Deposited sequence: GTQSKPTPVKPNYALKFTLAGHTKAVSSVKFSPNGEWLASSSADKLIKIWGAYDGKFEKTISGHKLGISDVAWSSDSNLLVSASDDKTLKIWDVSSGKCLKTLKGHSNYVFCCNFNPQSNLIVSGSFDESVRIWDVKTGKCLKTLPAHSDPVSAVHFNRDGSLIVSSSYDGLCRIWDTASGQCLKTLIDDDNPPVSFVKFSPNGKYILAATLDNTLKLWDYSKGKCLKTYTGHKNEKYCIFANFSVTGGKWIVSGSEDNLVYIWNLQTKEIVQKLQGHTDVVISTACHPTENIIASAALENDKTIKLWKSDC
């Protein structure tokens, strides 16, 4: 555009590939940190690996005895961890597909998992209301945090692994010191907190609550900076993201089968992506390219890859 009448930055995500193969609801999609792969987890008890740029099916990883709610990559893209209804997490060698460790400790469904950036630790969240911290090398549980008084919906390490953020159906978001296991901040108001993650910087958290609201928090200050609405979220633990490769967006799934994209600053809905035929429970943003992956529930069972110019 021009200096006097500038072109507003609005994304133009368009559907590129639909990835079919899971035989039940898909729970989670994650891009490998090296940008090459997408991993998906499903109620079909399987993990599948796909080409990030071409949607090509790569491999099926099996071993869990019940449905899988989450999958996460190690920082060098060599390992995966998965969280399952069978009360365990498993660590997987990406190359061979083999189960390297089974992480035993949780007393009920495991819903969420992540490696720390150093990738010597895994954090998990469970229906059993605990957050657990595990040694990657040994598969041993190092700490059981008495984290919440209701199911844990999300767990995330910050950029240097020194903090963990957790969210729960108890209505709280908590910030934990990785080393000590101590709670350093509680955000409290509240409906169930269905999702949380740290900003790419680490200075902010983004939290979803089951009142159709996403909020951007300055956690240390305890001040809510932004609110994002216009989507439907009153039931499912829907995964949202910071999109920072091009323009600065917030991306989320929705119970009206759409992917919503907001301008992070203006809180305005800049795009709504149509195509899925059930609740979009998971979104992921590619580490380097303007690529969104989205995944949907039982009436859909597919992953979609969307590409933008900004």
| Ranges missing from the model, given as deposited sequence positions | 190-191
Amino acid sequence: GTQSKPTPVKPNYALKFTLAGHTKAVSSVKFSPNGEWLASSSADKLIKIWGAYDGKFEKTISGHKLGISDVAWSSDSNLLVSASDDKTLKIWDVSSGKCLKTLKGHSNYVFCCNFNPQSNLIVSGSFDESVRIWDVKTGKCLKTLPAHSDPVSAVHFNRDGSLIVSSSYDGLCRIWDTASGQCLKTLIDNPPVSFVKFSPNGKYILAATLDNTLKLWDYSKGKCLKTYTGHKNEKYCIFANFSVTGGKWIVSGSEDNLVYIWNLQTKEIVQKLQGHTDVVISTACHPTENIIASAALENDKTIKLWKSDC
From here on, numbers count along this sequence of modelled residues.
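Just so we're on the same page, rigid core means the largest C-alpha set that superposes within 1.5 Å between forms.
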| task | Any chance you could tell me whether 121-129 or 216-224 drifts more in 7 other deposited structures of this protein, judged by RMS CA distance from this form after superposing on the core? | result | 216-224
| task | Higher average CA B factor in the deposited record is what I'm after, so tell me if that's 6-14 or 19-27. | result | 6-14
| Mean CA B-factor: is it higher for 213-221 or for 81-89? | 213-221
| query | Considering only 236, 228, 239, 198, which residue's Cα atom bears the greatest B-factor as recorded? | reply | 228
| Per the PDB entry, maximal CA B factor within 55, 67, 33, 246 | 246
| Against its chain's modelled residues, does residue 103's Cα B factor rank lowest, middle or highest third? | highest
| note | Binned into thirds over the chain's modelled residues, the C-alpha B-factor of residue 165 lands in the lowest
| query | By the record's CA B-factor, is residue 140 among the lowest, middle or highest third of residues in the chain? | reply | highest
| said: Among the modelled residues of this chain, does the Cα B factor of residue 73 put it in the lowest, middle or highest third? | reply: lowest
| Split the chain's modelled residues into thirds by Cα B-factor; is residue 185 in the lowest, middle or highest one? | highest
